[PDB]
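To start, the structure itself, in structure tokens.
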Amino acid sequence: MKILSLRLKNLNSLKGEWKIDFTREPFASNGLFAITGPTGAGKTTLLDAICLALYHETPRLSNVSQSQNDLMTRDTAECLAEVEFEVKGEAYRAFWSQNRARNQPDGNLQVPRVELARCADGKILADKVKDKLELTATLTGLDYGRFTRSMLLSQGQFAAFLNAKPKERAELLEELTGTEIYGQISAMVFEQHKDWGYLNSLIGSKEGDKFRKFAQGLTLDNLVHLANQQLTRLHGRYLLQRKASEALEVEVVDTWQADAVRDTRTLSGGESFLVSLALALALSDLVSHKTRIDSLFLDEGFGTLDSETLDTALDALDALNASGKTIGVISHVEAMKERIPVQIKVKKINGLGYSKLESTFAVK
Amino acid sequence: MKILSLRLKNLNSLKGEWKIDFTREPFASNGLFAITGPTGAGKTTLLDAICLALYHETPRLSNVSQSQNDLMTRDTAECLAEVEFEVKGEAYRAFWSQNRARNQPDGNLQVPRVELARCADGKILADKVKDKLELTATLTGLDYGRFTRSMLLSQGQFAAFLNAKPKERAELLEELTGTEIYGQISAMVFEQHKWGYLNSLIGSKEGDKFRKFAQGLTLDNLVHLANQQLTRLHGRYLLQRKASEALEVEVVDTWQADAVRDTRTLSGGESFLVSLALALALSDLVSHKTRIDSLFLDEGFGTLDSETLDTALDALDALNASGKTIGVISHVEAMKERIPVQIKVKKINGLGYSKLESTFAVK
Amino acid sequence: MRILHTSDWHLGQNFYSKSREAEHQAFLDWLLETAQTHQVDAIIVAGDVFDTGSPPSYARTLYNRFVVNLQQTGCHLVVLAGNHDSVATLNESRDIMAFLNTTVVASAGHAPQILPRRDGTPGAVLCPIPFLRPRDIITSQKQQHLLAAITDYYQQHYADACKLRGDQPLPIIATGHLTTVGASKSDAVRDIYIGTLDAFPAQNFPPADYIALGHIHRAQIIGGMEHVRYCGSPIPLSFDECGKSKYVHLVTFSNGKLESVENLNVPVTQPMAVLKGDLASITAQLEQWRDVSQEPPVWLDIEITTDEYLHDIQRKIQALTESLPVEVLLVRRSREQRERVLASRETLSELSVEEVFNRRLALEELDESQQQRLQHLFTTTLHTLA
Amino acid sequence: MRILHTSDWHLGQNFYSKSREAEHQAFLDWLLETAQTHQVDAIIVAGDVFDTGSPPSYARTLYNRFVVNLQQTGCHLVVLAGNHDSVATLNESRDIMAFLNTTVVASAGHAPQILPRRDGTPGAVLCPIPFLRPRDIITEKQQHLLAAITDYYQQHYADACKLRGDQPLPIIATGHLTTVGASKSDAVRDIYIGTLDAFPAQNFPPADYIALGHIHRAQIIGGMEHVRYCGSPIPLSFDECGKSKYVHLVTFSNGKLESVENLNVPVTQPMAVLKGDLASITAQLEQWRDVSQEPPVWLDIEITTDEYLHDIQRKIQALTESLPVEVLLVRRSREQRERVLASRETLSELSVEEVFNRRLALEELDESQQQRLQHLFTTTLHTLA
Ligand SMILES: Nc1ncnc2c1ncn2[C@@H]1O[C@H](COP(=O)(O)OP(=O)(O)OP(O)(O)=S)[C@@H](O)[C@H]1O
Ligand SMILES: Nc1ncnc2c1ncn2[C@@H]1O[C@H](COP(=O)(O)OP(=O)(O)OP(O)(O)=S)[C@@H](O)[C@H]1O
Ligand SMILES: [Mg+2]
Ligand SMILES: [Mg+2]
Ligand SMILES: [Mn+2]
Ligand SMILES: [Mn+2]
Ligand SMILES: [Mn+2]
Ligand SMILES: [Mn+2]
């Protein structure tokens, strides 16, 4: 699961039709890039295009139906988002368009049309919102809930994976590593016991659960090790630690006190942003057989950090520039525009109300 | 509903006997103050001390009980929060506590030993969590779900009043103006009609329709006040009441030929500015029933860039000539010189604890 | 001695996502060569140098480049702090600007100093008064309070300058940055002192030889007295400010008294227009630029007084403005419309239940029978329940 | 001619919510009077002047006051840019410092310039090399960037050698990078974290002096006496003693290097690190039981043993009531936290038996139980494989 390109048209204050491509020359080299602009320029629109083209939804507007399309640009006839994404060497593309009636800037909102092609053999795979949604959920493995948990941390909700409930975290770790055989092995021991006395008690093997919980705990321990490797540069005070409970759950260790452990819902706003950024960057660097999270986009949390903490965290952000992953950060802060070389700049056009990107990304 | 003082003890990372009083010298003069410190210093702790002492809760921590007292400071045997608040001319003093087992830094948590009294009498109004909760819900008028959208906007949730569902907004407008007699009038017309001209115009079933009209009028006054505030902060948007039976506001975009769109399509910084304007208009509202005097912001100023933050901060100086005790919280370095009256929070040497001032310790 | 007087530069201002760097660069070049030619000894910027408190990089580039090119002339720049300028940013670089014949006064309470003339002679004495905050002049503490505070501050500093003048008749030039009673106010002017003292009477000013003021972006004389004078911005900082009345004031003193106040105008480098009325009036005014070759396009805005806004108006204005060298900035509706939209406090705690009933009848188009039959049916039934 | 060479000031550094303003003010006063006394002709700061990219107000106050008090001497300050220093802030005030006998360089690509001595005679030339960004110089990867830095240095030494003509002018070079065999500390952030690990000393061009600094402890690279570090003039991260803080007064002779005098910087605020168990902590606290020192020395208690679980900070504060010391930290030690890795690639290729092996490792297995339970597991995989 990686993002190759992104094509949108009249999605928000971005009028016209634009296309960015992460396999072109500015993005393939560095990997880490930024999206920089003033307040209200159109920065979150380029992530809502991804969420719209994949899951028919954006984190602000919960539906874009026949009724209530609050997305499309004022006095325009139509909109379309279209993403290209690669999973396991297969380069699919998704599509989402909607027209008003008779090309009028005010009319009846018609029915959206969707594609979800394969684009290698050029075949189509869906034509309805149900078929497209279940095919992408079984194709990438990421539902919309898990997408906002892992691959896209939206604005104001960076703590979706750190402060999750245990069942959502369990579903995400179950999707990263396919652990059906760990339940399958721990299914037959319920009958091979019915020595198998001590083994079926140690390896809890009733319906294929406790062994699978052990596999999830091991994946979480590897993830927490990677997270502390990332976190020792960003904020050196805390450390993640998979706590001892029957439900898999992490908590933070405050090294500045004795070693006193406490849960993640007691951190600050800026500290919680740093811990959640560390956890997301660990989840990017983790490798597995089932699904892989290569692309990663995150909205602004950097305003919550003050000056020196922002300097430390942004100096520690350059370690990914020597990688092949496409981490795409988004903020407006004046420190970020010089610390990061490869940028997407969003400019408002003269206070008319619309906006535009840099001139390469125009579809012409 | 006005916060007079606030006294806390060992709450999150403060570890002391701190007490601030908003009727002393540096606060009664200006009104608008700020709480300034570095990252992780303890700024939101003073802000959830009041919601702990009033509603036994916190925007982060849902339950604070004998099970899982997650806030009380490490290597500490006790914690207490206590707020003084006035309403309709008279004062009250809410109180909350906790102890460990045997005054030891580890042990079993106990019963929180909560109380609520009235000042100038010493009369203990309540002693249990249920009786104190219903007593403050009928005393101040507003419970926790309205407190975290009218009087205190927590960190990251500044849009609790702008982006609310219509029933919560309806409950808050029902609490600001008592529309009980507005229901009695058009309940009578449901029976006095046997004429239907009145029972079509203000024609209700159980008095609700006339109350809907009174709510629409109160909200239209509130939206007028909000646009008066908003014309300085961000001049692009305006608020207006929707043409619908449910009380919903939405934004007129003055730049794009006054095109009208809803509030859940604004930006992050723009949504902060509109919600700040609306919350400031809610303080300048006046009624015969539970007016909102104090106001505490938490964050949002990081979402504004520099050339918007300066305009918003220059528009914030308009309340130094007021009696409202609006207090703001941020860490942004542009704010430490704009605002003269400040509460500074310091970290003591990187031990992990913190302390704020010398004039605020009780001893 | 000949000084120059200017104010309200607003460097690094954001004007509807347009940078004013070219106009400020041309004006600073022009001011350099003009102050060299007319043999000026001190330039006085009386406030609002930078637009924000954290200006961009190119604004600080402009201001540093201007100060470093000033050294070849031998002048002596004086920079004050308006109501936009951050205090600490100027107070850091105060001591390092003092080594470049440049005095920067931002806080309140500087001792009045003595300007040199271009040959080192002690020419004039000035009272550096920046925009006074309402906290560094007032005690712990309304309108008369702040007015008397500013008044005795001015009287105190003028007294100290009169004492420092001594036997030798030298002009004392008071400075300032505030608004007065005869003020042609505008839109770029953020309103200072919004809670108290919305104006300042001109007769409270002490009798100095010249009083160089700021904060009003149009050249104006305050209360008839010539020696008290705004100088205004050197470029249009809004749309209501006309592009011709953009003056710098060359002030020539003589023998301790004021002699000449010459208003020399700044040449335009970026014209801007305002277009009001109906749509056909907009077309008629757009017919002006129908043929002229104009290399920097004229940033005009559209105000539409009628109700033609609600259609696809930006389509129409854009399709009109294809062929012209224009580059329209914005298409807003009207200020004068939004002046009249305030025909509506009057909260419902004051407003009686019959008045809420009266606001209900006003939304209907009921006649005098229904305004008396339905009213009398209502107005008795209040007491029959309550 | 005489230069003073110092580096790595880190002005406005935040050191566990303590400001180092008094120590920097004392050091800058001392450097002014030393530059007056020892008849120096230039001062060179090789990078890391400011700690952050948006330093506080008092840091810029300190730096401006130092530059303006330098004007009453006839000296000449040269300021480089480290890995901490923001580029555009230094580039804004580039030419307004040139009117104060002060030159700053932040970007890459300045032409090497001559220096005057205190009587206007051209004394030496220098090729100013700041911290080169990995986006600035370039257009496997490690030898690519290594060769890029190498040919950059060769190019600028070639241009400086061409600029010197046939005149007695020594070449001084600058730098802010890490090299092979470097006493790295914890204040030192890591540069080129994906590409390089160090820089070979033989890749430097030959010159009369090569003034570097990134590492905050004074040392010599290899054996080349003309190539020296200077390190910070104050302690920065508790790993540095209060004796190795030197400023190198370098004097030249007729076009070649003559002497590098290591005059030391006096201490104003001392530090102290305390390791071991609590009784050895008390025994190390014994050495302050009587002495009256007016600036309290900042402690860093580090516990090595398993006394971490007890109420440490109350006990340590109750100890440190009487003696006039001041505590900044109580921690489990780094040497404890060095070996807490004890590991781990992934579970992707990792077999279910190795998952089962990690299950058994938490148990109390015997050689029966590692062969009765293990044989039951290894069969039941291949009853289903
Ligand atoms: N239908 C629409 N047509 C045109 N513009 C719209 C429409 N809906 C919203 N907008 C505006 O589009 C702008 C872009 O908002 P965003 O892209 O979310 O802001 P942003 O880029 O995230 O900047 P931040 O997050 O505040 S720093 C907002 O100012 C909206 O008011
Ligand atoms: N029971 C506790 N024991 C020790 N430390 C605690 C406890 N509860 C909270 N803290 C710490 O107290 C610190 C202060 O947290 P907050 O006050 O919520 O953050 P803050 O002041 O809002 O910082 P901001 O919002 O980023 S400016 C955090 O770093 C917490 O880890
Ligand atoms: Mg956004
Ligand atoms: Mg907070
Ligand atoms: Mn002005
Ligand atoms: Mn002004
Ligand atoms: Mn360094
Ligand atoms: Mn360095």
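By order in the structure tokens, chains are A, B, ...; within a chain, residues start at 1; ligands start at 1, following the order shown.
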task = Name the residues, by chain letter and number, that sit within 7 Å of ligand 7 using only C-alpha atoms and all ligand atoms, and give them as a list in words.
result = residues 8, 10, 48, 82, 188, 214, 215 and 216 of chain D
Go ahead and dump the residues you just picked, C-alpha atoms, as a compact mmCIF listing (two decimals), in the first residue's frame.
```txt
# COMPACT_ATOMS: atom_id res chain seq x y z
CA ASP D 8 30.41 25.79 19.65
CA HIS D 10 25.47 27.30 21.78
CA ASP D 48 27.05 26.57 16.56
CA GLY D 82 27.01 25.18 12.51
CA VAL D 188 26.63 16.83 19.85
CA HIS D 214 31.61 20.12 15.95
CA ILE D 215 32.70 18.01 18.91
CA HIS D 216 32.58 19.92 22.18
```
ask   = Got a sec to pull out which chain B residues are within 9 Å of chain C, counting only C-alpha atoms, and send them as a VMD selection string?
value = chain B and resid 25 to 26 29 177 181 to 182 184 to 185 188 197 to 198 201 to 202 213 to 214 217 to 218 221 224 to 225 254 to 259 285 to 289 306 to 307 310 to 311 314 317 to 322 334 337 to 338 340
Dump as CSV the rows for residues of chain D within 7 Å of chain C: closest atom pair and distance in Å with one decimal, only C-alpha atoms counted, ordered by chain and rising residue number.
```
residue,atom,partner,partner_atom,distance
D:60,CA,C:92,CA,6.9
D:61,CA,C:92,CA,5.7
D:64,CA,C:96,CA,6.6
D:68,CA,C:96,CA,6.3
D:92,CA,C:61,CA,5.8
D:96,CA,C:68,CA,6.2
```
task = Using DSSP on the backbone coordinates, identify the residues of range 146-327 of chain C assigned to alpha helix (DSSP H); present them as JSON, numbers by chain.
result = {"C": [146, 147, 148, 149, 150, 151, 152, 153, 154, 155, 156, 157, 158, 159, 160, 161, 162, 163, 164, 165, 279, 280, 281, 282, 283, 284, 285, 286, 313, 314, 315, 316, 317, 318, 319, 320]}
request  = Output as a ChimeraX atom specification the set of chain D residues within 8 Å of chain A, with distances taken over only C-alpha atoms.
outcome  = /D:52-54,135,193-195,308-309,311-313,329-332,344-348,352,355,359,372-373,376,380-381
